């Protein structure tokens, strides 16, 4: 019914809307998307509003349509950081002790002798590590979180990596609802078709965006692309195919390798 009801975001005055802190790449992207083939595949963007001297994107609340929505957020791409973060990490690293601690926790032998000595790692190193223990590197997406109808939430998916492990999370998420799974697959097929023709999509590097899966006990089911905070345009005349492997300088994100794999896994789940 609303994300603020479950609760970066703030309550809107208008019913069915939500406010997200304004970032310049994301505002630029949403503006473009409202005039793109992908218009219906993203939350409606109504412009910017000022609240307590701060800028907020006025968005469709994707949960408004649903009665007790179940939510799964799926981070798309083989790569989860911008190329400019690699350059910045080489020239002027910002060491992060928080990130070192979480690594040691998951895998004590993951950090190098020097990272151990620093008690810190760079963001790109941490994010590359997160890509490899999850499905991101191999399948081009990863499950980040679920918010269930019983108010329960989970982010315990950092080591969800194999095709079967991912299938099992989706199996538990849809709880045997054949109609929700069919509607999700129909929506993902239509999203893939829209992405493959989108003028926006071929011309932008799409990093750190998610597919948001929403469904309810009335068998309502929707999927949207969200979070364009790290989506950036390529130089004019340059396009990405969104399937070929990333090689530093080619800015390839593996987004459609992710969506191809995701469709394949949900299609497998539907045959079970």
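Residue numbers count along the first chain shown, from 1. Think of the rigid core as the biggest set of C-alphas that the two forms share within 1.5 Å after superposition.
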Inset, instruction - Could you tell me which of the two stretches, 55-63 or 232-240, has its Cα atoms lying farther from the shown structure in 8 other deposited structures of this protein after fitting on the rigid core? - result: 232-240
Inset, instruction - Please count the deposited residues lying between residue 7 and residue 8 that the model leaves without coordinates, and give the class: none, 1 to 3, 4 to 9, or 10 or more. - result: 4 to 9
Inset, instruction - On mean C-alpha B-factor from the PDB entry, just flag whether 185-193 or 168-176 is the higher one. - result: 168-176
Inset, instruction - Would you determine, from the values in the PDB entry, which of 217-225 and 238-246 has the greater average C-alpha temperature factor? - result: 238-246
Inset, instruction - Return the residue from 130, 202, 75, 97 that has the highest Cα B-factor in the entry. - result: 97
Legend entry - Residue of maximum C-alpha B factor among 120, 82, 71, 139, per deposited coordinates: 120
Inset, instruction - Name the third of the chain's ranked CA B-factors that contains residue 54, choosing lowest, middle or highest. - result: highest
Inset, instruction - Would you please rank residue 48 by its C-alpha temperature factor against the other modelled residues of its chain and give the third it falls in: lowest, middle or highest? - result: highest
Inset, instruction - Would you mind checking where the Cα B-factor of residue 263 ranks among the modelled residues of its chain, as the lowest, middle or highest third? - result: lowest
Inset, instruction - Comparing against every modelled residue in the chain, figure out the third that the C-alpha B-factor of residue 198 lands in (lowest, middle or highest). - result: lowest
Legend entry - Relative C-alpha B-factor of residue 256, binned into the chain's lowest, middle or highest third: lowest
